[PDB]
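# Structure for this input, please:
(7 chains)
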Amino acid sequence: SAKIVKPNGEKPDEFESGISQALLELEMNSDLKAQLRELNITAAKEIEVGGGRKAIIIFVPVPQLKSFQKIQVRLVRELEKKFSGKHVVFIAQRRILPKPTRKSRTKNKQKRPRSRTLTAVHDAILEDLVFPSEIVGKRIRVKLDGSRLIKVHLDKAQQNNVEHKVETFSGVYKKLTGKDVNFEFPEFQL
Amino acid sequence: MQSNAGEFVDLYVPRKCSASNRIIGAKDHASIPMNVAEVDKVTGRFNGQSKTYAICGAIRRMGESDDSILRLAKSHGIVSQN
Amino acid sequence: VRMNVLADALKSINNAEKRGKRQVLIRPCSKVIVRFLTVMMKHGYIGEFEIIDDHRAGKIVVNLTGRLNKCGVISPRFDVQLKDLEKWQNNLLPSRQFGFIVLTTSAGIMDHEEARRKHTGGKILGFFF
Amino acid sequence: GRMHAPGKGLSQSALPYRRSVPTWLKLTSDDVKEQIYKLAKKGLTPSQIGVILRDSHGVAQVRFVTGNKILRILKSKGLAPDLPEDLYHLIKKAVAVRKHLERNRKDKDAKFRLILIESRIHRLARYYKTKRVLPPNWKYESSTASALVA
Amino acid sequence: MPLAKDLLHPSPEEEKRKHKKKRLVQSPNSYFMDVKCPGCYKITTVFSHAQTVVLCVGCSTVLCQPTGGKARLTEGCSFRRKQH
Amino acid sequence: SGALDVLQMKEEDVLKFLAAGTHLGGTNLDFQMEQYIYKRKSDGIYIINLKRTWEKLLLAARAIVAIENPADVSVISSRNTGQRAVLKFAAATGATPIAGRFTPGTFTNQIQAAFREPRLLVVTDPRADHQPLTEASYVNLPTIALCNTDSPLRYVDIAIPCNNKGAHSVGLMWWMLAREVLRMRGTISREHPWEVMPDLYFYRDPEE
RNA sequence: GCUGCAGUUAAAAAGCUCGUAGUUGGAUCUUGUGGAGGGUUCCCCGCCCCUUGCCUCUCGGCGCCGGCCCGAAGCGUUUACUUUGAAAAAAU
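Residues are numbered from 1 along each chain as shown, chains lettered A, B, ... in the order given. Right below this line is the structure:
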């Protein structure tokens, strides 16, 4: 559809509806339909950067996330021109849980999986933003003010795929987590 | 060191060496100040105001001072890329 | 074995500072070591520190200065009840004026000077000065 | 280090940080499963199974092309053995020692080494049996050693 | 030691010639290889430390040999890593 | 270096370094001499970098300038090769030579008549003149010397690498040392040929 | 000699190993913003998903205009620890 393809996220909203309409339209069009197979989102959002530019966010149901990773570049290329003047990235949405060891009340409902934990989700989110580099290293530094800056060593191949997205990816993570990240390319590759 | 008045006490305030960040006593005769001469750096002729350093006996006697004196001049001049 | 991780950690940075160094490598990275060194950094005895990440447990690297004289561990972990405090801190510190016994309380990990203002006793971990 | 020798040594495997596919590969999750099931018929046990995949087939390991271990895949079928191969290989060794010991009563060295391998069985058994992986009435004896290895 | 040396960023192989579990990140010292000699015209992929005989489906029926470490190949080139 | 090319090594001096074989350095190494070396040949001989030699020459020489008295920068050498070289050094530039055997106690006595209190030292070869180095650390003397690959560093603050196994490497290096101090302090500056040469800082060398 | 000892030669590590009790045991499961108390972020209500976890209700008050809202009732898997109360004969 074009309005009920965003459940659990509130179906009316102007910008989000205007994305969905022309999105599913491309998938229905015969121009590409041999790798597009009528998937749907669950929400969307637009978030800026201090670079003075906007960038769009696409959420998915997450078992469907795997299929998006198949095409991921051709699709994003076409929608980079179709929605132009903004950057385009996929991401996934999880139903993160408070601890039973206590941040909200437990009833002995279930164990709480450690993939449904908080910290594992914030690691998994980073894996998708810079998916085509396939993160080589992670390092962290701690400041005298108790802040933290998270270095990410990326592969030294597939550089220009991410090099004009390099700053705009960092602003995404800020809005989702509350944390500051930097992206680097290392001295050497093994 | 301060008091109630903030009045400064201690007969001498000792000096604290550059690459070890520790203080050298009244008797300690392997601790050396080492004066490097600056130049104008337009003609390469001596010009007055010196760079002065200080090194403790502990790093001297083990043979680590050579690196420390090099690094001190490496964070300033004259050393570019060694 | 490596029964107590924190107890093996401090001896490295103690040994390293004596010889004259300013970078170290301490493993295997417990969360307990992080919040310890955070408190120890605020007061100013060490500089900023970098946590390397591995899947195994991580590794941590520290930048330090000669301001530190010695940080020790006290094991096993005894309780304090804010009248036992004065007896502990006398034996373990060079002076009343400075030195910082660390401990953990239900209000988190902190120095002894802070715990006295929150009225929280707890389990003692180490010290430094 | 070593648990019945004085030695110390490193030879442990070291895995990369990465863990993609990586890219270059084939045989979707499902393909790997049927490739495994054939091997277990032939008497190839889980340790051997991963080797024979890693050496000649395109896998790095069967934990990044599946969401499960090699053993859990076999266990979900019901085709897993009734005791771990680890325990089996200990018991497998000690019977031949006892044969050699009956044939030669003057090999005190063998008698000594048997005490180690014997006690190492009992320790291992006390892991599994507390975890409800063995019956809480099972014991190790000469008789039960003979029958359980056959 | 000069007792001041960096440990954050190491040299490409003058401080990565060390033992593999004494490095900052643990790396293998092994690699795969894409082969395809003639004795068996097929694009086979094989691990460097074979540990077992790799068989051939052509005229030949042997490709490798497991020694005390890497594996001695044969009279067939076929080489790559690739990447790792 | 510091100043862009009015102190940096010229094309001329490179020939002199290579003709005197300064670049070559002995088989055995120390762990304080690792950085100064670049690499080995296909044979036992390890090739000192000449860029790294040149930077160490400068602040060494600049420290000899930094004193306001040139009569108390006491140079010392006791090897036969380093006798003739130092004698011209401290004759040309105001300094005090101590040639041959040291005769210990001359930096800690009040009864000896050769007692002196200098500020700096400039020594050839730590392992011939180990005696003055030990006594330097009893009366707070800064110290400079010429190290080789196999000469250890201990009671020295700065090194000036060299081949210095008894060669033209010795006399050339003492000449260059005296050249630099005059470019900063003296009126010899112009940095185009000085009248005095390194052809009399070289060894006596018993003649026919 | 718990705080606080010592065991190469001064008094002193079982010849050696296995082993139950006892003692001891790796890493890993949440952070930012307005008001209030204190600085120039940081430590009683709330907000992103959570915020003293829930409901279900019904009996006895508080409301607002039959209808609707929120305190008390079961509790957050269990302990150690720590903090606050209660209860502790006099003399010393």
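# if I look at residue D:130, how far off is residue D:122?
Residue D:130 is 13 Å from residue D:122, where distance means Cβ to Cβ, to the nearest Å. Just so you know, the C-beta spots here come from the backbone N, C-alpha and C atoms, and that holds for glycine as well.
# got the contact list for stretch D:129-144?
D:83-84, D:91, D:98, D:121-122, D:125, D:128 (Cβ atoms under 8 Å, 6 or more residues apart in numbering or on different chains).
# How far off centre is it?
From the chain centre to the centre of stretch D:129-144 is a distance of 17 Å (Cα atoms, centre = their mean, to the nearest Å).
# Show me what counts as buried in it.
For stretch D:129-144, a neighbour-count test (16 or more other Cβ atoms under 10 Å in any protein chain shown) marks D:134, D:140 as buried.
# just stretch D:74-87 next, same as before
Going by 16+ other Cβ under 10 Å, stretch D:74-87 has these buried residues: D:74, D:83-84, D:87.
# With stretch C:81-97 instead?
For stretch C:81-97, the neighbour count (16+ other Cβ under 10 Å) marks C:85, C:88-89, C:92-93 as buried.
# right, is it up against RNA strand G?
Yes - Stretch C:81-97 reaches RNA strand G (Cβ under 7 Å from any atom of the strand) through C:81-82, C:91.
# For the residues you listed, please prepare a markdown table with the additional fields distance to residue C:21 and secondary structure.
A markdown table is the format used below for the residues of stretch C:81-97 next to RNA strand G (distance: Cβ to Cβ, whole Å; DSSP: H, G, I helix; E, B strand; the rest coil):
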| residue | distance to residue C:21 | secondary structure |
| --- | --- | --- |
| C:81 | 39 | coil |
| C:82 | 38 | coil |
| C:91 | 29 | helix |
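# Tell me how far the spatially most central residue of chain C lies from chain F.
In chain C, the centroid-proximal residue (Cα atoms, centre = their mean) is residue C:36; its distance is 4.6 Å. When distance is defined by Cβ to the nearest Cβ, to the nearest Å, residue C:36 is 34 Å away from chain F.
# which SS class is residue A:189?
The three-state label given to residue A:189 by DSSP: H, G, I helix; E, B strand; the rest coil is coil.
# I meant residue D:91, not that one.
helix.
# Could you do residue A:56 as well?
strand.
# Return the residues in contact with it.
Counting by Cβ under 8 Å, 6+ apart, residue A:56 makes contact with A:19, A:44-46, A:83, A:86-89.
# do residue F:75 as well
Contacts of residue F:75 (Cβ under 8 Å, 6+ apart): F:86, F:89-90, F:95-98, F:121-123.
# Residue for residue, what is the longest helix chain C has?
helix C:5-19 (DSSP state H).
# Check which residues of it are buried.
C:9-10, C:13-14, C:16-17.
# now swap in stretch B:30-40 and tell me
B:30-32, B:34-39.
# got the contact list for residue 1?
By default, I'm working from chain A. Each residue near residue A:1 by Cβ under 8 Å, 6+ apart is listed here: A:20, A:24.
# To clarify, I was referring to chain F.
B:77-80, F:7-8, F:54-55, F:58.
# for the closest residue to residue F:99 other than its chain neighbours, helix, strand, or coil?
Distance criterion Cβ to Cβ, 6 or more residues apart in numbering or on different chains; nearest residue to residue F:99, sequence neighbours excluded, is residue F:83 at 5.4 Å. Recorded secondary structure, residue F:83: helix (three-state DSSP).
# do residue D:111 as well
From three-state DSSP, the assignment for residue D:111 is helix.
# Report the separation between the residue lying closest to it once chain neighbours are set aside and residue B:49.
Spatial nearest neighbour of residue D:111, chain neighbours left out: residue D:101 (6.2 Å); criterion: Cβ to Cβ, 6+ apart. The gap separating residue D:101 from residue B:49 is 89 Å, by Cβ to Cβ.
# got a list of what the residue nearest to residue D:111 touches?
So residue D:101 contacts D:107, D:110-111, D:114 (Cβ under 8 Å, 6+ apart).
# Out of the residues you listed, which end up buried?
residue D:114.
# And the furthest pair within the contacts of residue D:101?
Greatest spacing in these, by Cβ to Cβ: D:107 and D:114 (10.0 Å).
# restrict the contacts of stretch D:129-144 to those near RNA strand G?
Of the residues in the contacts of stretch D:129-144, proximity to RNA strand G by Cβ under 7 Å from any atom of the strand holds for residue D:122.
# Buried subset of the contacts of stretch D:129-144, written for PyMOL?
Selection of buried members from the contacts of stretch D:129-144 for PyMOL, criterion 16+ other Cβ under 10 Å:
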select buried, chain D and resi 83+84+91+98+121+125+128
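# Wait, residue E:57 touches residue E:44, no?
No - between residue E:57 and residue E:44 there is no contact under Cβ atoms under 8 Å: 9.1 Å.
# residues from chain E in reach of chain F?
Taking Cβ under 8 Å from any Cβ of the partner chain as the measure of proximity, chain E contacts chain F at E:1-2.
# nearest residue to residue F:163 other than its sequence neighbours?
Leaving out its chain neighbours, the residue that sits closest to residue F:163 by Cβ to Cβ, 6+ apart is residue F:169, at 4.2 Å.
# mind listing the helices for the chain?
By default, I'm working from chain A. A:14-28, A:65-71, A:74-82, A:119-129, A:168-176.
# Actually, chain F is the one I wanted.
F:11-19, F:50-66, F:81-92, F:130-136, F:168-184.
# Buried residues, the fourth one. List them.
Across helix F:130-136, burial judged by 16+ other Cβ under 10 Å covers F:131-133, F:135-136.
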